[PDB]
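This is work17.tsv (TSV, C-alpha atoms and all ligand atoms).
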```
chain	number	residue	atom	x	y	z
O	4	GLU	CA	122.94	-19.64	197.48
O	5	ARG	CA	120.21	-17.66	195.68
O	6	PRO	CA	121.05	-16.57	192.12
O	7	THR	CA	121.09	-12.97	190.98
O	8	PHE	CA	117.93	-11.95	189.08
O	9	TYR	CA	117.48	-9.30	186.36
O	10	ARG	CA	114.34	-7.59	185.03
O	11	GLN	CA	112.95	-7.26	181.48
O	12	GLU	CA	109.60	-6.21	179.95
O	13	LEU	CA	107.96	-9.24	178.29
O	14	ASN	CA	104.38	-10.17	177.33
O	15	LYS	CA	103.00	-6.89	178.73
O	16	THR	CA	104.58	-7.72	182.12
O	17	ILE	CA	107.89	-7.36	183.95
O	18	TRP	CA	109.79	-10.66	184.03
O	19	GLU	CA	112.42	-11.20	186.74
O	20	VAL	CA	114.64	-14.24	186.07
O	21	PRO	CA	118.05	-15.67	187.09
O	22	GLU	CA	121.08	-14.50	185.10
O	23	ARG	CA	121.54	-18.01	183.68
O	24	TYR	CA	118.57	-17.44	181.32
O	25	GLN	CA	119.47	-15.19	178.37
O	26	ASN	CA	117.94	-13.93	175.11
O	27	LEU	CA	114.31	-14.07	176.23
O	28	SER	CA	111.75	-13.78	173.40
O	29	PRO	CA	107.98	-14.53	173.36
O	30	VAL	CA	106.94	-17.78	171.67
O	31	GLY	CA	103.76	-19.67	170.88
O	32	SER	CA	100.12	-18.66	170.60
O	33	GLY	CA	99.48	-18.60	174.35
O	34	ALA	CA	97.70	-21.97	174.46
O	35	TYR	CA	99.76	-23.16	177.45
O	36	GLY	CA	100.15	-19.76	179.14
O	37	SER	CA	102.53	-16.81	178.94
O	38	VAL	CA	105.73	-18.34	177.52
O	39	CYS	CA	109.16	-17.10	176.36
O	40	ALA	CA	112.02	-18.97	174.70
O	41	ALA	CA	115.50	-18.51	176.19
O	42	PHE	CA	119.02	-19.93	176.18
O	43	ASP	CA	120.01	-21.61	179.46
O	44	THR	CA	123.73	-21.00	180.07
O	45	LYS	CA	123.95	-23.69	182.78
O	46	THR	CA	122.78	-26.61	180.61
O	47	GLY	CA	123.21	-25.36	177.04
O	48	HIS	CA	119.57	-26.09	176.24
O	49	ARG	CA	117.11	-23.84	174.47
O	50	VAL	CA	114.28	-23.64	177.02
O	51	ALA	CA	110.69	-22.48	177.39
O	52	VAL	CA	110.02	-20.27	180.45
O	53	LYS	CA	106.38	-19.88	181.57
O	54	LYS	CA	105.35	-17.11	183.98
O	55	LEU	CA	102.10	-17.94	185.73
O	56	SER	CA	99.24	-15.44	185.42
O	57	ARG	CA	97.77	-14.40	188.81
O	58	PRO	CA	98.56	-17.76	190.44
O	59	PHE	CA	96.79	-17.18	193.80
O	60	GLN	CA	93.80	-14.97	192.92
O	61	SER	CA	91.16	-17.53	193.99
O	62	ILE	CA	90.90	-20.94	195.62
O	63	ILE	CA	90.49	-22.56	192.18
O	64	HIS	CA	93.54	-20.80	190.72
O	65	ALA	CA	95.71	-21.45	193.79
O	66	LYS	CA	94.91	-25.18	193.74
O	67	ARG	CA	95.49	-25.32	189.96
O	68	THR	CA	98.95	-23.77	190.42
O	69	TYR	CA	99.81	-26.35	193.09
O	70	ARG	CA	98.48	-29.15	190.84
O	71	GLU	CA	100.61	-28.07	187.86
O	72	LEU	CA	103.79	-27.89	189.96
O	73	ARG	CA	103.12	-31.29	191.60
O	74	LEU	CA	102.51	-33.02	188.26
O	75	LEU	CA	105.54	-31.49	186.49
O	76	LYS	CA	107.86	-32.26	189.43
O	77	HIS	CA	106.85	-35.94	189.27
O	78	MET	CA	107.18	-36.64	185.52
O	79	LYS	CA	110.65	-38.13	184.79
O	80	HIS	CA	110.48	-40.05	181.49
O	81	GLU	CA	112.04	-39.64	178.03
O	82	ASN	CA	108.63	-39.46	176.31
O	83	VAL	CA	106.94	-37.01	178.75
O	84	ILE	CA	107.51	-33.31	179.40
O	85	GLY	CA	109.73	-32.70	182.42
O	86	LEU	CA	110.73	-29.80	184.67
O	87	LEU	CA	114.23	-28.34	184.24
O	88	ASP	CA	113.75	-25.58	186.86
O	89	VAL	CA	111.17	-23.67	188.90
O	90	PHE	CA	111.88	-20.30	190.53
O	91	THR	CA	110.49	-17.19	192.21
O	92	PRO	CA	112.26	-13.86	192.84
O	93	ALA	CA	110.62	-13.69	196.30
O	94	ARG	CA	112.91	-14.05	199.32
O	95	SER	CA	110.18	-15.25	201.71
O	96	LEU	CA	106.66	-16.65	201.83
O	97	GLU	CA	105.39	-13.18	202.77
O	98	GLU	CA	106.54	-11.66	199.45
O	99	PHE	CA	105.82	-14.74	197.28
O	100	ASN	CA	103.56	-13.80	194.36
O	101	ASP	CA	104.86	-15.15	191.02
O	102	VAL	CA	105.92	-18.62	189.85
O	103	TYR	CA	108.08	-19.44	186.80
O	104	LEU	CA	108.42	-22.93	185.22
O	105	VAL	CA	111.23	-24.02	182.84
O	106	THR	CA	111.21	-26.94	180.34
O	107	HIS	CA	112.90	-27.92	177.08
O	108	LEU	CA	111.99	-25.78	174.09
O	109	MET	CA	110.22	-27.95	171.51
O	110	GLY	CA	110.12	-26.67	167.95
O	111	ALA	CA	107.26	-28.56	166.31
O	112	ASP	CA	104.26	-30.74	167.14
O	113	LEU	CA	102.69	-33.69	165.35
O	114	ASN	CA	100.44	-31.40	163.28
O	115	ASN	CA	103.54	-29.98	161.59
O	122	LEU	CA	104.83	-40.85	156.66
O	123	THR	CA	106.05	-44.37	156.01
O	124	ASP	CA	104.69	-47.27	158.04
O	125	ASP	CA	108.04	-47.28	159.86
O	126	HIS	CA	107.43	-43.68	160.97
O	127	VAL	CA	103.97	-44.62	162.29
O	128	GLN	CA	105.45	-47.55	164.25
O	129	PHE	CA	108.06	-45.34	165.94
O	130	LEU	CA	105.73	-42.43	166.76
O	131	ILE	CA	102.92	-44.58	168.20
O	132	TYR	CA	105.49	-46.72	170.08
O	133	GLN	CA	106.79	-43.60	171.85
O	134	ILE	CA	103.28	-42.36	172.74
O	135	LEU	CA	102.49	-45.76	174.28
O	136	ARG	CA	105.83	-45.92	176.15
O	137	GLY	CA	105.11	-42.55	177.78
O	138	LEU	CA	101.48	-43.51	178.43
O	139	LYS	CA	102.48	-46.73	180.23
O	140	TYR	CA	104.54	-44.50	182.56
O	141	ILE	CA	101.75	-41.91	183.09
O	142	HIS	CA	99.13	-44.60	183.76
O	143	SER	CA	101.40	-46.44	186.22
O	144	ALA	CA	101.23	-43.30	188.41
O	145	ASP	CA	97.38	-43.35	188.21
O	146	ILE	CA	97.33	-40.14	186.13
O	147	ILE	CA	94.78	-39.78	183.31
O	148	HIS	CA	95.89	-37.43	180.52
O	149	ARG	CA	92.38	-36.73	179.08
O	150	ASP	CA	93.58	-34.58	176.12
O	151	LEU	CA	95.89	-36.56	173.83
O	152	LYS	CA	95.80	-34.97	170.35
O	153	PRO	CA	98.43	-34.06	167.72
O	154	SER	CA	99.04	-30.52	169.05
O	155	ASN	CA	99.99	-32.02	172.47
O	156	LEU	CA	102.77	-34.19	170.98
O	157	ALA	CA	106.14	-32.49	170.48
O	158	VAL	CA	108.43	-34.02	167.84
O	159	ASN	CA	112.00	-33.19	166.77
O	160	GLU	CA	114.00	-33.71	163.58
O	161	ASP	CA	114.96	-37.26	164.61
O	162	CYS	CA	111.30	-38.30	165.13
O	163	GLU	CA	111.66	-38.35	168.94
O	164	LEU	CA	108.44	-37.50	170.78
O	165	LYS	CA	107.27	-36.03	174.12
O	166	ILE	CA	103.73	-35.80	175.59
O	167	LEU	CA	102.65	-32.26	176.71
O	168	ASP	CA	99.68	-30.71	178.68
O	169	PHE	CA	99.77	-31.21	182.48
O	170	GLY	CA	98.10	-29.12	185.19
O	171	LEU	CA	96.24	-26.65	182.97
O	172	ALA	CA	92.60	-25.65	183.35
O	173	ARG	CA	90.04	-28.30	182.46
O	174	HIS	CA	88.51	-27.64	179.05
O	175	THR	CA	85.22	-25.72	178.98
O	176	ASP	CA	81.95	-26.59	177.25
O	177	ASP	CA	82.48	-23.75	174.77
O	178	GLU	CA	85.96	-25.05	173.89
O	179	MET	CA	84.35	-28.41	173.01
O	180	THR	CA	81.53	-26.98	170.85
O	181	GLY	CA	81.31	-27.35	167.08
O	182	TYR	CA	83.88	-28.32	164.42
O	183	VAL	CA	86.87	-28.36	166.79
O	184	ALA	CA	89.98	-30.54	167.17
O	185	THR	CA	89.68	-30.38	170.99
O	186	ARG	CA	86.77	-32.88	170.78
O	187	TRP	CA	87.68	-35.09	167.79
O	188	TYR	CA	90.08	-37.27	169.85
O	189	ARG	CA	87.82	-37.74	172.93
O	190	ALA	CA	86.41	-41.13	173.95
O	191	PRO	CA	82.60	-41.25	173.66
O	192	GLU	CA	82.06	-41.98	177.37
O	193	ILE	CA	83.79	-38.73	178.37
O	194	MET	CA	82.46	-36.68	175.42
O	195	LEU	CA	78.87	-37.50	176.46
O	196	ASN	CA	79.34	-38.11	180.23
O	197	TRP	CA	78.03	-41.69	179.98
O	198	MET	CA	79.68	-42.97	183.17
O	199	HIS	CA	82.57	-42.50	185.56
O	200	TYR	CA	85.59	-42.82	183.27
O	201	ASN	CA	89.17	-43.97	183.87
O	202	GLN	CA	92.56	-44.21	182.13
O	203	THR	CA	91.09	-46.24	179.23
O	204	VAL	CA	89.93	-42.92	177.70
O	205	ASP	CA	93.53	-42.23	176.63
O	206	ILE	CA	93.77	-45.43	174.53
O	207	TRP	CA	90.80	-44.30	172.41
O	208	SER	CA	92.69	-41.07	171.71
O	209	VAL	CA	95.84	-43.00	170.64
O	210	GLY	CA	93.71	-44.98	168.17
O	211	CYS	CA	92.34	-41.76	166.67
O	212	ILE	CA	95.90	-40.38	166.34
O	213	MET	CA	97.26	-43.60	164.76
O	214	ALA	CA	94.46	-43.71	162.18
O	215	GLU	CA	95.18	-40.09	161.18
O	216	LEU	CA	98.91	-40.77	160.72
O	217	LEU	CA	98.04	-43.74	158.46
O	218	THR	CA	95.45	-41.92	156.27
O	219	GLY	CA	96.39	-38.24	156.56
O	220	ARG	CA	92.79	-37.44	157.59
O	221	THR	CA	90.95	-36.87	160.87
O	222	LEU	CA	89.15	-40.09	161.89
O	223	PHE	CA	86.03	-38.54	163.51
O	224	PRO	CA	85.78	-34.86	162.36
O	225	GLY	CA	82.35	-34.20	163.84
O	226	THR	CA	80.58	-30.85	163.38
O	227	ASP	CA	79.12	-31.18	166.93
O	228	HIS	CA	78.81	-33.82	169.70
O	229	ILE	CA	75.90	-35.67	168.01
O	230	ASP	CA	77.37	-35.69	164.50
O	231	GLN	CA	80.61	-37.05	166.01
O	232	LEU	CA	78.78	-39.84	167.87
O	233	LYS	CA	77.11	-40.86	164.59
O	234	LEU	CA	80.52	-41.08	162.87
O	235	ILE	CA	81.87	-43.20	165.75
O	236	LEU	CA	78.95	-45.65	165.84
O	237	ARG	CA	79.05	-46.14	162.05
O	238	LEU	CA	82.65	-47.42	162.36
O	239	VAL	CA	82.53	-49.39	165.64
O	240	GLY	CA	78.84	-50.38	165.79
O	241	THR	CA	75.99	-49.39	168.09
O	242	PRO	CA	76.25	-50.54	171.73
O	243	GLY	CA	75.04	-53.93	172.87
O	244	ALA	CA	73.05	-54.72	176.00
O	245	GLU	CA	76.20	-55.26	178.08
O	246	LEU	CA	77.52	-51.75	177.48
O	247	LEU	CA	74.07	-50.14	177.76
O	248	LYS	CA	73.83	-51.40	181.37
O	249	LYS	CA	77.07	-49.54	182.17
O	250	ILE	CA	75.80	-46.16	180.94
O	251	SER	CA	74.72	-44.86	184.34
O	252	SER	CA	73.27	-41.68	182.81
O	253	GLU	CA	69.58	-42.45	182.29
O	254	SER	CA	69.07	-39.73	179.66
O	255	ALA	CA	72.17	-40.63	177.63
O	256	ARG	CA	71.13	-44.29	177.67
O	257	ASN	CA	67.67	-43.37	176.36
O	258	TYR	CA	69.06	-41.28	173.49
O	259	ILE	CA	71.39	-44.10	172.36
O	260	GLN	CA	68.45	-46.50	172.08
O	261	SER	CA	66.70	-44.09	169.70
O	262	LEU	CA	69.33	-44.90	167.02
O	263	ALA	CA	68.91	-47.76	164.53
O	264	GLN	CA	71.35	-50.58	165.21
O	265	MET	CA	74.52	-50.88	163.07
O	266	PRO	CA	77.26	-53.55	162.93
O	267	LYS	CA	80.98	-52.87	163.30
O	268	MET	CA	82.61	-52.19	159.90
O	269	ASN	CA	85.48	-54.14	158.31
O	270	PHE	CA	88.60	-52.14	159.23
O	271	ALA	CA	90.63	-53.63	156.34
O	272	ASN	CA	88.13	-51.97	153.97
O	273	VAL	CA	88.31	-48.63	155.85
O	274	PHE	CA	92.13	-48.45	156.16
O	275	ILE	CA	92.81	-49.70	152.65
O	276	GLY	CA	96.39	-50.78	152.05
O	277	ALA	CA	97.59	-50.47	155.64
O	278	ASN	CA	99.89	-52.99	157.33
O	279	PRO	CA	97.59	-55.82	158.56
O	280	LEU	CA	99.27	-55.58	161.99
O	281	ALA	CA	98.32	-51.89	162.16
O	282	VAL	CA	94.71	-52.78	161.29
O	283	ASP	CA	94.68	-55.40	164.06
O	284	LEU	CA	95.99	-52.92	166.65
O	285	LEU	CA	93.41	-50.27	165.64
O	286	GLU	CA	90.62	-52.83	166.18
O	287	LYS	CA	91.93	-53.42	169.72
O	288	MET	CA	92.13	-49.69	170.61
O	289	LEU	CA	88.88	-48.45	169.03
O	290	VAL	CA	86.48	-50.56	171.11
O	291	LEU	CA	83.29	-48.83	172.29
O	292	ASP	CA	83.22	-50.57	175.71
O	293	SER	CA	86.24	-49.12	177.53
O	294	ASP	CA	86.58	-52.21	179.78
O	295	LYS	CA	87.58	-54.19	176.67
O	296	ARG	CA	90.21	-51.85	175.14
O	297	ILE	CA	93.87	-52.90	175.03
O	298	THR	CA	96.06	-51.21	177.69
O	299	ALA	CA	99.31	-49.33	177.04
O	300	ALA	CA	101.40	-52.11	178.62
O	301	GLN	CA	99.62	-54.74	176.51
O	302	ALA	CA	99.95	-52.67	173.30
O	303	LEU	CA	103.74	-52.32	173.66
O	304	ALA	CA	103.97	-56.12	173.28
O	305	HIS	CA	101.85	-56.20	170.08
O	306	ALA	CA	103.65	-57.49	166.97
O	307	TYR	CA	103.30	-54.12	165.19
O	308	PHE	CA	106.12	-52.79	167.44
O	309	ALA	CA	108.49	-55.79	167.17
O	310	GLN	CA	111.37	-53.63	165.87
O	311	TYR	CA	111.23	-51.23	168.88
O	312	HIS	CA	109.82	-53.18	171.86
O	313	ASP	CA	112.27	-53.76	174.73
O	314	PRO	CA	110.59	-54.85	177.99
O	315	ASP	CA	113.75	-53.93	179.93
O	316	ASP	CA	113.58	-50.32	178.65
O	317	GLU	CA	109.91	-49.40	179.21
O	318	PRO	CA	109.95	-48.02	182.77
O	319	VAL	CA	107.14	-47.27	185.21
O	320	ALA	CA	106.73	-44.30	187.55
O	321	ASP	CA	107.39	-43.80	191.23
O	322	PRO	CA	104.12	-43.68	193.22
O	323	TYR	CA	102.24	-40.36	192.94
O	324	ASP	CA	100.22	-39.22	195.99
O	325	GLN	CA	97.30	-37.11	194.74
O	326	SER	CA	95.28	-37.12	197.96
O	327	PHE	CA	95.40	-33.30	197.76
O	328	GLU	CA	92.82	-33.46	194.95
O	329	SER	CA	90.03	-34.25	197.43
O	330	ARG	CA	91.27	-31.79	200.08
O	331	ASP	CA	89.61	-28.43	200.84
O	332	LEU	CA	92.00	-25.61	201.83
O	333	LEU	CA	92.08	-21.81	201.92
O	334	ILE	CA	93.98	-19.66	199.38
O	335	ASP	CA	96.92	-19.01	201.71
O	336	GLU	CA	97.22	-22.73	202.53
O	337	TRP	CA	97.48	-23.71	198.84
O	338	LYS	CA	99.97	-20.85	198.44
O	339	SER	CA	102.18	-22.12	201.28
O	340	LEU	CA	102.13	-25.67	199.89
O	341	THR	CA	103.20	-24.30	196.49
O	342	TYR	CA	106.04	-22.26	198.04
O	343	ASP	CA	107.33	-25.38	199.82
O	344	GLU	CA	107.41	-27.24	196.48
O	345	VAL	CA	109.34	-24.39	194.80
O	346	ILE	CA	112.06	-24.26	197.45
O	347	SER	CA	112.48	-28.07	197.61
O	348	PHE	CA	113.01	-28.57	193.86
O	349	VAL	CA	116.15	-30.52	192.93
O	350	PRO	CA	117.21	-30.25	189.25
O	351	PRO	CA	117.78	-33.33	187.09
O	352	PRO	CA	121.33	-34.73	186.57
V	401	LIG	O1	101.91	-28.82	180.01
V	401	LIG	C1	102.63	-27.86	180.61
V	401	LIG	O2	102.35	-27.59	181.79
V	401	LIG	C2	103.59	-27.20	179.70
V	401	LIG	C3	103.60	-27.41	178.37
V	401	LIG	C4	104.59	-26.74	177.46
V	401	LIG	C5	104.53	-25.20	177.47
V	401	LIG	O3	104.35	-24.61	178.73
V	401	LIG	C6	105.06	-25.17	179.77
V	401	LIG	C7	106.15	-24.45	180.28
V	401	LIG	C8	106.85	-24.98	181.36
V	401	LIG	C9	106.48	-26.20	181.93
V	401	LIG	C10	105.39	-26.91	181.41
V	401	LIG	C11	104.67	-26.40	180.32
V	402	CL	CL	121.98	-17.48	187.50
V	403	CL	CL	107.34	-13.12	193.69
V	404	CL	CL	95.37	-31.13	167.62
V	405	CL	CL	89.86	-31.64	180.13
V	406	CL	CL	67.34	-51.09	164.68
V	407	CL	CL	104.01	-38.39	195.65
V	408	MG	MG	94.33	-29.55	177.02
```
File written out as structure tokens:
Amino acid sequence: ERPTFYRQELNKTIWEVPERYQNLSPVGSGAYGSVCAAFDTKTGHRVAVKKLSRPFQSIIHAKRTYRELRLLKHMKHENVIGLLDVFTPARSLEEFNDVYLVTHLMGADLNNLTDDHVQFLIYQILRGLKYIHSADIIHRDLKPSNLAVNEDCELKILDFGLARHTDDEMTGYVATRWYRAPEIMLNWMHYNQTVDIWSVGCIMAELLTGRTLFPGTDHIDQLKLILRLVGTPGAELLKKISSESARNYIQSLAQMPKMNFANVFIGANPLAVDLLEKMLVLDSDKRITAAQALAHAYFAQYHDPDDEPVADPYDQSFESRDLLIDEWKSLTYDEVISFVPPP
């Protein structure tokens, strides 16, 4: 049976939601969309409710809406954001126009530390990342503002199905670039899931020192900071930079050796230094993986190979499919009506 819906004026729009959701109030800066906090009377959770803005206005927007719903419906892991509910007030495909998504309300992020704290926080990021990567999903945007943390230090990874970041968003002295792997920052080559391990290394360093690792003022300044720490590329990696122009620019720089990480991260646990050296490798083929990193001695007090699960298979063949607006809309409607809530 369909629930009863009620209407309220929120975020310059009329919101129409099931009676179970009460005490709606706008929250956040708008970085993830148009979002309200609420109390869910069915589960007892404080929740975040997102109303999608013009979901089917173009082919690009319609496919992005379908992508967000597919990703959120798949993610079922303690250290990753999950979907509590999805709904529409429409009674048929013909009147379907708005989509609402519901998740747990998270109070703070990593921006808002003993060595034991660093162990637990990085362990949880890697546990969630092992799950994400087992489904052949690449996050691309791990950074402190995308990591929700509660009073008991428990952590969830955020940011799935939103618009790809623009060139302007990545320009200048901006946190949205400081965590990016060099091969994606400069479009050196076709990248893969190894980009996310670079980002984890940048996050871990910052928790240990209290300071951004590579706070570049622009793309080139940031590359210079990176190469000073990890060394200039050797002939093996240069061959793999398929961009002719990017390869030529790199060879204009004087060669530099990799620095001594024990003299950069002064006083840190030697096991933390060792792990950072294995994450912050310029050649992405040679970086440690999430599954390998969980078994590193730095995490000995938390690692349990019987409690680090992998994901069900995730079919993303739709990503290479060309459809019309109304076809993406119908696929999205089908995914709304088939949703089954978690236990
Ligand atoms: O990455 C996302 O899609 C979300 C992040 C948290 C804030 O907005 C959301 C609301 C509902 C479901 C998901 C999200
Ligand atoms: Cl209800
Ligand atoms: Cl609707
Ligand atoms: Cl951030
Ligand atoms: Cl992106
Ligand atoms: Cl030189
Ligand atoms: Cl699937
Ligand atoms: Mg993002």
Requested in this report: Tell me which protein, DNA and RNA residues are within 10 Å of residue O:179, counting all atoms listed in the file, leaving out same-chain ones fewer than 6 positions away, and put them as an MDAnalysis selection string.
Outcome: chainID O and resid 185:187 189 194 227:228
Report task. Considering all atoms listed in the file, state which residue in the set O:127, O:217, O:297, O:78 is at the smallest distance from residue O:276. Result ->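 Under the stated criterion, the closest residue is O:217.
Residue nearest residue O:171, chosen from O:257, O:252, O:68, O:115 and counting only C-alpha atoms: O:68.
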Requested in this report: Could you check how far atom CA of residue O:66 sits from atom CA of residue O:157, in Å to one decimal?
Outcome: 26.8 Å
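Residues in contact with ligand CL 404 (chain V) (atom pairs separated by at most 12 Å; only C-alpha atoms and all ligand atoms) are residues 34, 112, 113, 114, 115, 150, 151, 152, 153, 154, 155, 156, 157, 167, 168, 183, 184, 185, 186, 187, 188, 189, 208, 211, 212, 215, 221 and 224 of chain O.
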Do you have, as JSON lines, the list of residues of chain O lying at most 12 Å from ligand CL 407 (chain V), each with its nearest atom pair and that distance in Å to one decimal, counting only C-alpha atoms and all ligand atoms and ordered by chain then number?
```
{"residue": "O:70", "atom": "CA", "partner": "V:CL407", "partner_atom": "CL", "distance": 11.8}
{"residue": "O:72", "atom": "CA", "partner": "V:CL407", "partner_atom": "CL", "distance": 11.9}
{"residue": "O:73", "atom": "CA", "partner": "V:CL407", "partner_atom": "CL", "distance": 8.2}
{"residue": "O:74", "atom": "CA", "partner": "V:CL407", "partner_atom": "CL", "distance": 9.3}
{"residue": "O:75", "atom": "CA", "partner": "V:CL407", "partner_atom": "CL", "distance": 11.6}
{"residue": "O:76", "atom": "CA", "partner": "V:CL407", "partner_atom": "CL", "distance": 9.5}
{"residue": "O:77", "atom": "CA", "partner": "V:CL407", "partner_atom": "CL", "distance": 7.4}
{"residue": "O:78", "atom": "CA", "partner": "V:CL407", "partner_atom": "CL", "distance": 10.8}
{"residue": "O:144", "atom": "CA", "partner": "V:CL407", "partner_atom": "CL", "distance": 9.2}
{"residue": "O:145", "atom": "CA", "partner": "V:CL407", "partner_atom": "CL", "distance": 11.1}
{"residue": "O:146", "atom": "CA", "partner": "V:CL407", "partner_atom": "CL", "distance": 11.8}
{"residue": "O:320", "atom": "CA", "partner": "V:CL407", "partner_atom": "CL", "distance": 10.4}
{"residue": "O:321", "atom": "CA", "partner": "V:CL407", "partner_atom": "CL", "distance": 7.8}
{"residue": "O:322", "atom": "CA", "partner": "V:CL407", "partner_atom": "CL", "distance": 5.8}
{"residue": "O:323", "atom": "CA", "partner": "V:CL407", "partner_atom": "CL", "distance": 3.8}
{"residue": "O:324", "atom": "CA", "partner": "V:CL407", "partner_atom": "CL", "distance": 3.9}
{"residue": "O:325", "atom": "CA", "partner": "V:CL407", "partner_atom": "CL", "distance": 6.9}
{"residue": "O:326", "atom": "CA", "partner": "V:CL407", "partner_atom": "CL", "distance": 9.1}
{"residue": "O:327", "atom": "CA", "partner": "V:CL407", "partner_atom": "CL", "distance": 10.2}
{"residue": "O:344", "atom": "CA", "partner": "V:CL407", "partner_atom": "CL", "distance": 11.7}
```
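In this structure, atom CA of residue O:304 sits 26.8 Å away from atom CA of residue O:240.
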Each chain O residue no farther than 6 Å from ligand CL 402 (chain V), nearest pair in Å, only C-alpha atoms and all ligand atoms, as a tab-separated table:
```
residue	atom	partner	partner_atom	distance
O:6	CA	V:CL402	CL	4.8
O:7	CA	V:CL402	CL	5.8
O:21	CA	V:CL402	CL	4.3
O:22	CA	V:CL402	CL	3.9
O:23	CA	V:CL402	CL	3.9
```
Query raised in the report: Restricting the calculation to all atoms listed in the file, which member of O:220, O:233, O:107, O:173 is positioned closest to ligand LIG 401 (chain V)?
Result: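 Going through O:220, O:233, O:107, O:173 one by one, the smallest distance to ligand LIG 401 (chain V) is for O:107.
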Please complete stretch 322-334 of chain O so it has N, CA, C and O atoms, and hand it over as a short mmCIF file (atom, residue, chain, number, x, y, z; two decimals), in the coordinates of the input.
```cif
data_model
loop_
_atom_site.label_atom_id
_atom_site.label_comp_id
_atom_site.auth_asym_id
_atom_site.auth_seq_id
_atom_site.Cartn_x
_atom_site.Cartn_y
_atom_site.Cartn_z
N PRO O 322 105.50 -43.96 192.79
CA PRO O 322 104.12 -43.68 193.22
C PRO O 322 103.87 -42.18 193.34
O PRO O 322 104.74 -41.42 193.75
N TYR O 323 102.65 -41.77 192.97
CA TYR O 323 102.24 -40.36 192.94
C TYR O 323 101.05 -40.18 193.89
O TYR O 323 99.95 -40.67 193.61
N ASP O 324 101.27 -39.49 195.01
CA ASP O 324 100.22 -39.22 195.99
C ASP O 324 99.41 -38.01 195.54
O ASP O 324 99.90 -36.87 195.61
N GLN O 325 98.17 -38.22 195.10
CA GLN O 325 97.30 -37.11 194.74
C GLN O 325 96.11 -36.98 195.69
O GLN O 325 95.02 -36.54 195.31
N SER O 326 96.32 -37.34 196.96
CA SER O 326 95.28 -37.12 197.96
C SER O 326 94.89 -35.65 198.09
O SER O 326 93.77 -35.36 198.52
N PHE O 327 95.77 -34.71 197.71
CA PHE O 327 95.40 -33.30 197.76
C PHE O 327 94.18 -32.98 196.89
O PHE O 327 93.49 -31.99 197.15
N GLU O 328 93.90 -33.80 195.87
CA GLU O 328 92.82 -33.46 194.95
C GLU O 328 91.46 -33.44 195.63
O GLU O 328 90.56 -32.73 195.19
N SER O 329 91.29 -34.21 196.71
CA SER O 329 90.03 -34.25 197.43
C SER O 329 90.07 -33.44 198.73
O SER O 329 89.19 -33.60 199.58
N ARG O 330 91.08 -32.59 198.88
CA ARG O 330 91.27 -31.79 200.08
C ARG O 330 90.75 -30.37 199.85
O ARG O 330 90.93 -29.80 198.77
N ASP O 331 90.10 -29.81 200.87
CA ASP O 331 89.61 -28.43 200.84
C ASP O 331 90.50 -27.56 201.71
O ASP O 331 90.62 -27.80 202.92
N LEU O 332 91.12 -26.54 201.11
CA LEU O 332 92.00 -25.61 201.83
C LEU O 332 91.69 -24.17 201.43
O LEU O 332 91.03 -23.91 200.42
N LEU O 333 92.20 -23.23 202.23
CA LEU O 333 92.08 -21.81 201.92
C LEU O 333 93.20 -21.36 200.97
O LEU O 333 94.21 -22.05 200.79
N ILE O 334 93.02 -20.17 200.37
CA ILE O 334 93.98 -19.66 199.38
C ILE O 334 95.40 -19.69 199.94
O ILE O 334 96.33 -20.20 199.31
#
```
